[PDB]
Each structure stands twice: as C-alpha cells, then as structure tokens.
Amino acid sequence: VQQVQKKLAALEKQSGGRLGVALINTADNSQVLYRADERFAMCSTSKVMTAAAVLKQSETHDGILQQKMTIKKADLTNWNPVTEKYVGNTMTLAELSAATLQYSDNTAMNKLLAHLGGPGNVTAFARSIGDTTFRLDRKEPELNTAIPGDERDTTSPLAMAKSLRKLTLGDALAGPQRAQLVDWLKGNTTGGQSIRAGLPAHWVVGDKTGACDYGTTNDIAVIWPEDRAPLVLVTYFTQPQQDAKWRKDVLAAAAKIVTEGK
C-alpha cells in the first residue's frame, strides 16, 4: 500500500500536474486514496450523474426514455458527434443519454439538462443519494473551463467513487435503471487510452471520460477483474497551463498502479 502511495506521488511529480485518485474495492471495502478529498473539475464525467437523474425519473414515469426531443442546428455546440446527425429531427431521451455517455456529445448533454430543468436539478439529485460534494453549476460547454481554485462544476475523487458505486452497484437506482447505466458505461467509445489502457485486456469495464481546459484529463470507472469483486475507480488530473495537452496516459498509469494484483 505504502508502495502504491509512493508510486502515485512519483507519478504526479513527474507529470507536473495535480492527480486525484480514489479506488474502492467492493471485496472488503478497502480504499486507495490520493488527494481523494480535494475538489477537481469533473467536466464530461458529470454526464454520469446527469444521465442517472434521467434514469431515476424513469422509475416513476413509464416510458419516459422513449420521449422525443427535437434537435435543431441552433442547439449544436462545439462537440456534436451524434446530435449533428439528427439536425431537424428527434432523438429519444435514451438515445440522447447514450450519445451523451458513449460519445460525450455536448448537445445531448444540454438536451438532458433542459429536460431536467437545469444543472441545479442534477445537484439536487446527487444530494438525494447522499452525495454532498458534487455540484453542477453550468451547461455545455461552459462547465469545462476547469479554472484552478474555482469550485463550480467540481467534486472529489472519493465522493464521485461512492456515487458511481451507489448508482451502478448499490441502490441509488432501481434494477432496470441500474442495468441500463451499466450497459451505457460499458459501451463507452472514448476511454481506450485511459483507465482501460492500464488494465489487463480481458477485464470488463464501464467508464466515462473527460477532457477539458487546463489539460484536465478525467475518467471514472467500474472494473470487474475476471470473477472477482468489482472495483470502483476515479482518476482525476489537471495541469497548470490553460492550454495544456491532455494526459490520458497518466490515468492509465494511475490505474495500473492501484489495480495491479487485484
């Protein structure tokens, strides 16, 4: 453990940024923490809490995931990998949730936010599940500024690890909703060079990445090591320069360091 600690600290010092790690081993509830209580900009990883809020509604509102929303050229933002393929057409909340989680579509994120009534409702949802750290303040793309010292749109590695666990393995969501979130996370197409890169290839993973200003490179995941109890891992990383380049490789190394031998 203290060896895992020295390695993480060395990884951070060599990277020149600020690293935040929180790993929860559901086998014995043990934890590997590094700046786990410090706040980091979540940017794209905040889409998990947001999608989960929509899923929560579906527990009481029958067929809500089949409800349609119109996509218009005016809704488009700086990143619409999927939504731009539907200009002038409709997308269901499920499709929007999938586009948001698996391709990190910014316009889909804003569609979900509009449906939920704004980011304050996502924050409220987080509080309803016991997360008092999480906070969503803005919409896309402003929530990605990741300004140092700014608390807007941030959370701690540990708090996000606990909520991801509650949402994917716990009781924060009901069975069908819990299963849909896990499926969406496993279908993510943007995490190939992050947490997944530092893990044995056959291990099963569900995750949500994030890449924003100040070279902030994030990733939150649920890991199933073969037939052993799943691990919940959060690797957050931010740098001194506003225009810094992303370090998906730092998250891969943090991942390997804390999960090796698990």
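Quick note: we count residues from 1 along the sequence shown, nothing fancier.
The mean C-alpha temperature factor is higher for 24-32 when 24-32 and 214-222 are set side by side. With 77-85 and 131-139 compared on mean CA B-factor from the PDB entry, the stretch scoring higher is 77-85. Note on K166, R152, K72, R178: the highest value goes to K72, judged by CA B factor as recorded. Of the residues listed, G198, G63, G206, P230, the entry assigns the biggest Cα temperature factor to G63.
Among all modelled residues in its chain, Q193 ranks in the highest third by Cα B-factor. Among the modelled residues of its chain, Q242 has a C-alpha B-factor that falls in the highest third according to the deposited record.
In the deposited entry, the Cα temperature factor of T90 sits in the top third of values across the chain's modelled residues. For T123, the recorded CA temperature factor ranks within the lowest third of the chain's modelled residues. When the modelled residues of the chain are ordered by C-alpha B-factor, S97 sits in the lowest third.
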